[PDB]
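# Got an experimental structure here, sequence first:
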Amino acid sequence: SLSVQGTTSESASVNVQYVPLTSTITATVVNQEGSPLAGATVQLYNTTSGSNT
Amino acid sequence: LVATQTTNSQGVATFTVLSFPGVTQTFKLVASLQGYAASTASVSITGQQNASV
């Protein structure tokens, strides 16, 4: 809300949004048979903390 | 087995092979030269396409 409290009162509800930044980090497995491998439990850890969060 | 060729000094083995009418033709290339480990690729010509591996 601009409550333009000037010489002119303009009250405008101006709706705005926000969302944080977010990133995709990617693991891949392959075999040289010519077939990508599968069946993995793949754990990405927030090791920015100093620890595997 | 419909062909067996050897890589020349351009390193090209050229196979003249038939096209089936609309049927996809998986061909296995077993390539070897003694003094180097045997290697395999299987590429499929979906009709007439020049499959270079």
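Good, I have the coordinates. Residues are numbered from 1 along each chain as shown, chains lettered A, B, ... in the order given.

# now residue B:43, nearest residue through space, not along the chain?
residue B:51 (4.5 Å; Cβ to Cβ, 6 or more residues apart in numbering or on different chains). Using the backbone N, CA and C atoms, a C-beta is placed for each residue, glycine as well.

# That neighbour against residue B:45, yeah?
Yes. Between residue B:51 and residue B:45 there is a contact at 5.1 Å, judged by Cβ atoms under 8 Å.

# shared neighbours of the two, anything?
residue B:27 (Cβ atoms under 8 Å, 6 or more residues apart in numbering or on different chains).

# any idea which residue of the chain is furthest from its center?
Chain wasn't specified; assuming chain A. Distance from the C-alpha centroid of chain A, by Cα atoms, centre = their mean, peaks at residue A:7 (42.5 Å).

# switch to chain B, that's the one I care about
Chain B, farthest from centre, Cα atoms, centre = their mean: residue B:35 at 21.1 Å.

# Get me the contact residues on chain B for chain A.
Within chain B, the positions near chain A by Cβ under 8 Å from any Cβ of the partner chain are B:40-42.
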